[PDB]
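A.B. asks: For reference, the structure I am asking about is given below.
Derivation of every value follows stated rules applied to the coordinates shown; laboratory data play no part. Every residue, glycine as well, gets a Cβ built from its backbone with ideal geometry; the counts of neighbours run over all protein chains shown.
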Amino acid sequence: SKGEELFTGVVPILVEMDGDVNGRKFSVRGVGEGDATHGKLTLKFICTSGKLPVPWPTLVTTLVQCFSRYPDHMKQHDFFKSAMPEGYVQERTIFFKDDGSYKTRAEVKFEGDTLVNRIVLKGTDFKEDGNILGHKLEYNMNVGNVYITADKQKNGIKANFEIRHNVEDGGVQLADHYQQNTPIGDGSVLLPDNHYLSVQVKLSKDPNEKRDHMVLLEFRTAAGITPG
Ligand SMILES: [Cl-]
């Protein structure tokens, strides 16, 4: 890409989320930076409406796959950078097993030299004493492997993956993700062969921060195609 030229160094990131779960409105802002040459990004998120009504880990996938590192033999398969700077709309539906669902729509694009992820999330039908509204999930994140394929119905790509959220005192809460990304521009974008993004996340807290928050470190690598 010429889009890939925009990712040769550290890129600042701004994330904004307007959320609503079972009618309860909330907002999140995140700031940080990503470096695709290191397949790494770091973000700190604050709940800018007080206390978060769902567990932080359930929002990780919603809250910039542009920073995945594609190896040389897979560069032709990086849709995300190819769509830049005009960007793409990412839509997901996330189904929490035996509980409610999130519907998300985000625009990801450069605004000047900052990458911006602007999100609206709406969650419906959650159980008041379920794992989500009840805050019964551990503060951590398991590895996710996002399987990407060309979308033959709309312009761009689709993906499917399931996230396992550890539940306090044992067991898991599954979150089944459906994803579509559609370029914003009219310009040509790369159409990838099937592959996946392997994503590892470490969640932490800022010892000096009294607001409800999440510090995220994330490593993301493309794979699923043997070298050559
Ligand atoms: Cl267990």
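A.B. asks: When you scan the range 89-117, how many residues do you find that are in contact with a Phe, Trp or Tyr (Cβ under 7 Å, 6 or more places away or on another chain) and under 23 Å from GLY32 (Cβ atoms)?
C.D. replies: Summing the residues that are in contact with a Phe, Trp or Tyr (Cβ under 7 Å, 6 or more places away or on another chain) and under 23 Å from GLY32 (Cβ atoms) in the range 89-117 gives 3.
A.B. asks: Now for a different question. For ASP169, all conditions in the list (1) in a strand (DSSP E or B); (2) within 16 Å of the ligand (Cβ to nearest atom) hold save one; what is the number of the exception?
C.D. replies: (1)
A.B. asks: Name the residues in the range 142-153 that are more than 16 Å from the ligand (Cβ to nearest atom) and surrounded by 13 or more Cβ atoms within 10 Å (Cβ to Cβ), would you?
C.D. replies: Of everything in the range 142-153, those that are more than 16 Å from the ligand (Cβ to nearest atom) and surrounded by 13 or more Cβ atoms within 10 Å (Cβ to Cβ) turn out to be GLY144, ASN145, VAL146, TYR147, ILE148, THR149, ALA150, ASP151.
A.B. asks: crowded, with 20+ Cβ neighbours inside 10 Å and of a type in the set (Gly, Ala, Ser): is that true of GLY112 in this structure?
C.D. replies: Considered against the rule, which asks whether it is crowded, with 20+ Cβ neighbours inside 10 Å and of a type in the set (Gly, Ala, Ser), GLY112 comes out as no.
A.B. asks: Yes or no: the range 36-46 includes at least one residue that is aliphatic (A, V, I, L, M) and assigned to a helix (DSSP H, G or I).
C.D. replies: Within the range 36-46 (the criterion being aliphatic (A, V, I, L, M) and assigned to a helix (DSSP H, G or I)), the answer is yes, since at least one residue qualifies.
A.B. asks: Moving on to the next point. What residue, among those in the range 58-98 that are in contact with a helix residue (DSSP H, G or I) (Cβ under 8 Å, 6 or more places away or on another chain) and in a loop (DSSP other than H, G, I, E, B), is surrounded by the fewest Cβ atoms within 10 Å (Cβ to Cβ)?
C.D. replies: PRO85
A.B. asks: Would you be able to tell me the number of residues in the range 99-135 that are on the phi > 0 side of the Ramachandran plot and either part of a strand (DSSP E or B) or among the polar types (S, T, N, Q) (or both)?
C.D. replies: 0
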